[PDB]
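Encoded as C-alpha cells, the structure appears first; notes follow it.
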Amino acid sequence: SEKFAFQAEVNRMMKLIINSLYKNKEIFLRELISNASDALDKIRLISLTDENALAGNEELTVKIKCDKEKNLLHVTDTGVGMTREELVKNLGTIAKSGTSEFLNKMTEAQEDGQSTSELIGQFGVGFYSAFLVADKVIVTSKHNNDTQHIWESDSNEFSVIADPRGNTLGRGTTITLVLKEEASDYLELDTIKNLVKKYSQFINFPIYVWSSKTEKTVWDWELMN
C-alpha cells in the first residue's frame with residue numbers, strides 16, 4: 001500500500017469537470033463507457049500484432065452491475081487494462097499531451113460560454129466526472145505486463161495496492177463507484193438500463209447489465225446494444 005497526492009493540474013481539472021457537468025451528472029456513465037470502449041479497442045488492435053494478447057481473457061465485453069445493498073456501481077471491461085505504474089501516472093498526473101490542450105481549451109471555452117461537454121469527451125478525461133455521483137472511486141485493473149492492483153481515492157488523495165485477491169479479472173478493469181446519498185437512484189436497474197442503452201449505441205462491443213426477470217427471480221446479463 002502506497003499513498004500519493006494528485007498533481008496540482010489534476011486537482012484543477014477535476015474541479016472544472018465537476019463544475020462543467022454539475023447539472024448533467026448522468027454524463028459520468030457516458031464517459032465510463034467511452035473509456036471502456038477505448039480500452040477494448042486498445043487490446044483488439046494489439047491482438048493484431050500479438051498472438052497471446054487475449055490469452056488472459058478471450059472476451060471483449062463491457063459489463064455494468066448495480067449492488068443496491070452495498071450501495072455500489074461497477075463498470076468492467078476486458079480492455080487492455082492498466083499496470084501499476086499506469087494507474088499512478090495515468091490517473092494521478094497529466095501523462096498525455098492532449099490533456100494539457102484540454103486544460104487550455106476548456107478554460108477558453110468555459111469563459112466565452114461555449115459548450116464544453118464535448119471537450120471532456122474529446123480529450124477522454126471523463127473519468128473524473130465519476131466524483132459527481134461517487135464519494136469513493138475504485139479501479140481494479142489487470143494488464144498483461146503486470147499483476148492485478150487496486151487504486152482508490154475520494155479525490156482528496158489516492159493510493160495503489162496490489163490486489164490481494166490475485167488475478168481475478170484475467171484482463172480488464174473494474175471501476176467501482178461508492179454512490180453518494182443523492183445518487184442512490186443510479187442503483188435502480190431500470191434507471192441504469194436506459195442510461196446504458198442511451199450511451200452505447202456507438203460502441204463496437206456488446207454491453208451487458210446484470211438484470212432480473214421475476215416469486216421466482218432469474219438474474220443474467222442482458223445485451224443492451
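We name chains A, B, ... following the order of the C-alpha cells; residues begin at 1 in each chain, and ligands are numbered from 1 as shown.
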
Nearby residues (only C-alpha atoms) at most 12 Å from residue A:86, same-chain spacing under 3 positions excluded, as a PyMOL selection string:
chain A and resi 80-83+89-96+139+141-143+145-146+149-151+160

Excluding same-chain residues fewer than 4 positions from residue A:124, what lies within 10 Å of it counting only C-alpha atoms, as an mmCIF file with C-alpha atoms, in the first residue's frame?
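File produced: part_33.cif:
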```cif
data_model
loop_
_atom_site.group_PDB
_atom_site.id
_atom_site.type_symbol
_atom_site.label_atom_id
_atom_site.label_comp_id
_atom_site.auth_asym_id
_atom_site.auth_seq_id
_atom_site.Cartn_x
_atom_site.Cartn_y
_atom_site.Cartn_z
ATOM 1 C CA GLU A 31 -17.729 8.618 -20.156
ATOM 2 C CA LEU A 32 -17.131 5.470 -18.132
ATOM 3 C CA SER A 34 -16.344 5.502 -23.635
ATOM 4 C CA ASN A 35 -13.228 4.854 -21.648
ATOM 5 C CA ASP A 38 -11.275 2.855 -25.873
ATOM 6 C CA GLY A 98 -3.757 16.219 -25.341
ATOM 7 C CA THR A 99 -4.677 16.611 -21.647
ATOM 8 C CA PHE A 102 -7.950 20.327 -22.923
ATOM 9 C CA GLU A 118 -17.900 17.818 -25.970
ATOM 10 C CA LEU A 119 -14.446 18.847 -24.735
ATOM 11 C CA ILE A 120 -14.330 16.371 -21.874
ATOM 12 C CA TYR A 128 -13.083 12.372 -13.087
#
```

Apply DSSP to the backbone of this structure and, from stretch 51-222 of chain A, keep only the residues in strand (DSSP E); write these as JSON, numbers by chain.
{"A": [62, 63, 64, 65, 66, 67, 72, 73, 74, 75, 76, 77, 134, 135, 136, 137, 138, 139, 140, 141, 142, 149, 150, 151, 152, 153, 158, 159, 160, 161, 162, 172, 173, 174, 175, 176, 177, 178, 179, 207, 208, 209, 210, 211, 212, 219, 220, 221, 222]}

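Here the question is which of A:78, A:116, A:71, A:168 gets nearest to residue A:187 using only C-alpha atoms, and that residue is A:71.
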
Per residue of stretch 64-157 of chain A within 10 Å of stretch 190-206 of chain A, what are the shortest atom pair and its distance in Å to one decimal, counting only C-alpha atoms, with rows by chain and residue number, as CSV?
```
residue,atom,partner,partner_atom,distance
A:64,CA,A:196,CA,8.4
A:65,CA,A:192,CA,8.9
A:66,CA,A:192,CA,8.2
A:73,CA,A:192,CA,9.8
A:77,CA,A:205,CA,9.8
```

Going by DSSP on the backbone, which residues of stretch 92-180 of chain A come out as helix (DSSP H, G or I)? List them as an NGL selection string.
:A and (98-111 or 117-122 or 126-132)

Please dump the current selection as a PDB file, in the first residue's frame; keep N, CA and C atoms.
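Output file part18.pdb follows:
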```pdb
ATOM      1  N   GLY A  98      -2.434  15.685 -25.072  1.00  0.00           N
ATOM      2  CA  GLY A  98      -3.757  16.219 -25.341  1.00  0.00           C
ATOM      3  C   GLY A  98      -4.512  16.659 -24.090  1.00  0.00           C
ATOM      4  N   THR A  99      -4.042  16.237 -22.914  1.00  0.00           N
ATOM      5  CA  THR A  99      -4.677  16.611 -21.647  1.00  0.00           C
ATOM      6  C   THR A  99      -4.402  18.095 -21.344  1.00  0.00           C
ATOM      7  N   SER A 100      -3.163  18.539 -21.568  1.00  0.00           N
ATOM      8  CA  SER A 100      -2.782  19.935 -21.332  1.00  0.00           C
ATOM      9  C   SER A 100      -3.594  20.838 -22.260  1.00  0.00           C
ATOM     10  N   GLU A 101      -3.773  20.367 -23.490  1.00  0.00           N
ATOM     11  CA  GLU A 101      -4.533  21.076 -24.514  1.00  0.00           C
ATOM     12  C   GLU A 101      -5.948  21.339 -23.983  1.00  0.00           C
ATOM     13  N   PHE A 102      -6.602  20.274 -23.498  1.00  0.00           N
ATOM     14  CA  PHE A 102      -7.950  20.327 -22.923  1.00  0.00           C
ATOM     15  C   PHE A 102      -8.027  21.334 -21.760  1.00  0.00           C
ATOM     16  N   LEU A 103      -6.964  21.447 -20.961  1.00  0.00           N
ATOM     17  CA  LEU A 103      -6.967  22.396 -19.844  1.00  0.00           C
ATOM     18  C   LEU A 103      -7.054  23.818 -20.361  1.00  0.00           C
ATOM     19  N   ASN A 104      -6.430  24.050 -21.500  1.00  0.00           N
ATOM     20  CA  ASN A 104      -6.461  25.365 -22.094  1.00  0.00           C
ATOM     21  C   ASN A 104      -7.762  25.577 -22.816  1.00  0.00           C
ATOM     22  N   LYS A 105      -8.094  24.681 -23.736  1.00  0.00           N
ATOM     23  CA  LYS A 105      -9.334  24.812 -24.489  1.00  0.00           C
ATOM     24  C   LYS A 105     -10.550  24.916 -23.567  1.00  0.00           C
ATOM     25  N   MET A 106     -10.510  24.177 -22.462  1.00  0.00           N
ATOM     26  CA  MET A 106     -11.606  24.159 -21.507  1.00  0.00           C
ATOM     27  C   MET A 106     -11.820  25.492 -20.814  1.00  0.00           C
ATOM     28  N   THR A 107     -10.727  26.153 -20.461  1.00  0.00           N
ATOM     29  CA  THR A 107     -10.816  27.443 -19.794  1.00  0.00           C
ATOM     30  C   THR A 107     -11.199  28.541 -20.784  1.00  0.00           C
ATOM     31  N   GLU A 108     -10.760  28.414 -22.036  1.00  0.00           N
ATOM     32  CA  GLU A 108     -11.079  29.404 -23.072  1.00  0.00           C
ATOM     33  C   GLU A 108     -12.545  29.300 -23.487  1.00  0.00           C
ATOM     34  N   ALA A 109     -13.058  28.076 -23.597  1.00  0.00           N
ATOM     35  CA  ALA A 109     -14.448  27.867 -23.986  1.00  0.00           C
ATOM     36  C   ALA A 109     -15.406  28.150 -22.827  1.00  0.00           C
ATOM     37  N   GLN A 110     -14.991  27.792 -21.616  1.00  0.00           N
ATOM     38  CA  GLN A 110     -15.796  27.981 -20.412  1.00  0.00           C
ATOM     39  C   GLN A 110     -15.958  29.466 -20.080  1.00  0.00           C
ATOM     40  N   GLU A 111     -15.001  30.277 -20.524  1.00  0.00           N
ATOM     41  CA  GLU A 111     -15.062  31.711 -20.278  1.00  0.00           C
ATOM     42  C   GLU A 111     -16.038  32.380 -21.265  1.00  0.00           C
ATOM     43  N   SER A 117     -19.132  20.177 -22.758  1.00  0.00           N
ATOM     44  CA  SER A 117     -19.496  18.762 -22.675  1.00  0.00           C
ATOM     45  C   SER A 117     -18.651  17.970 -23.659  1.00  0.00           C
ATOM     46  N   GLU A 118     -18.634  18.452 -24.893  1.00  0.00           N
ATOM     47  CA  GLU A 118     -17.900  17.818 -25.970  1.00  0.00           C
ATOM     48  C   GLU A 118     -16.387  17.800 -25.750  1.00  0.00           C
ATOM     49  N   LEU A 119     -15.879  18.768 -24.994  1.00  0.00           N
ATOM     50  CA  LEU A 119     -14.446  18.847 -24.735  1.00  0.00           C
ATOM     51  C   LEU A 119     -13.979  17.686 -23.886  1.00  0.00           C
ATOM     52  N   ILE A 120     -14.661  17.468 -22.770  1.00  0.00           N
ATOM     53  CA  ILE A 120     -14.330  16.371 -21.874  1.00  0.00           C
ATOM     54  C   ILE A 120     -14.228  15.070 -22.674  1.00  0.00           C
ATOM     55  N   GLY A 121     -15.263  14.779 -23.461  1.00  0.00           N
ATOM     56  CA  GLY A 121     -15.275  13.560 -24.253  1.00  0.00           C
ATOM     57  C   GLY A 121     -14.222  13.530 -25.341  1.00  0.00           C
ATOM     58  N   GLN A 122     -13.936  14.717 -25.878  1.00  0.00           N
ATOM     59  CA  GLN A 122     -12.957  14.925 -26.939  1.00  0.00           C
ATOM     60  C   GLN A 122     -11.559  14.530 -26.512  1.00  0.00           C
ATOM     61  N   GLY A 126     -12.957  12.171 -19.106  1.00  0.00           N
ATOM     62  CA  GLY A 126     -14.211  11.971 -18.394  1.00  0.00           C
ATOM     63  C   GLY A 126     -14.238  11.159 -17.122  1.00  0.00           C
ATOM     64  N   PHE A 127     -13.167  10.424 -16.866  1.00  0.00           N
ATOM     65  CA  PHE A 127     -13.078   9.585 -15.690  1.00  0.00           C
ATOM     66  C   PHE A 127     -13.408  10.342 -14.411  1.00  0.00           C
ATOM     67  N   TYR A 128     -12.871  11.553 -14.282  1.00  0.00           N
ATOM     68  CA  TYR A 128     -13.083  12.372 -13.087  1.00  0.00           C
ATOM     69  C   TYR A 128     -14.515  12.814 -12.786  1.00  0.00           C
ATOM     70  N   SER A 129     -15.411  12.671 -13.761  1.00  0.00           N
ATOM     71  CA  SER A 129     -16.815  13.049 -13.590  1.00  0.00           C
ATOM     72  C   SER A 129     -17.532  12.016 -12.741  1.00  0.00           C
ATOM     73  N   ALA A 130     -16.803  10.986 -12.340  1.00  0.00           N
ATOM     74  CA  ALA A 130     -17.372   9.938 -11.522  1.00  0.00           C
ATOM     75  C   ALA A 130     -17.530  10.413 -10.078  1.00  0.00           C
ATOM     76  N   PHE A 131     -16.867  11.526  -9.758  1.00  0.00           N
ATOM     77  CA  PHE A 131     -16.902  12.111  -8.414  1.00  0.00           C
ATOM     78  C   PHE A 131     -18.097  13.007  -8.254  1.00  0.00           C
ATOM     79  N   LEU A 132     -18.921  13.044  -9.292  1.00  0.00           N
ATOM     80  CA  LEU A 132     -20.132  13.837  -9.279  1.00  0.00           C
ATOM     81  C   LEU A 132     -21.139  13.004  -8.533  1.00  0.00           C
TER      82      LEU A 132
END
```

Interatomic distance between atom CA of residue A:178 and atom CA of residue A:137?
6.3 Å
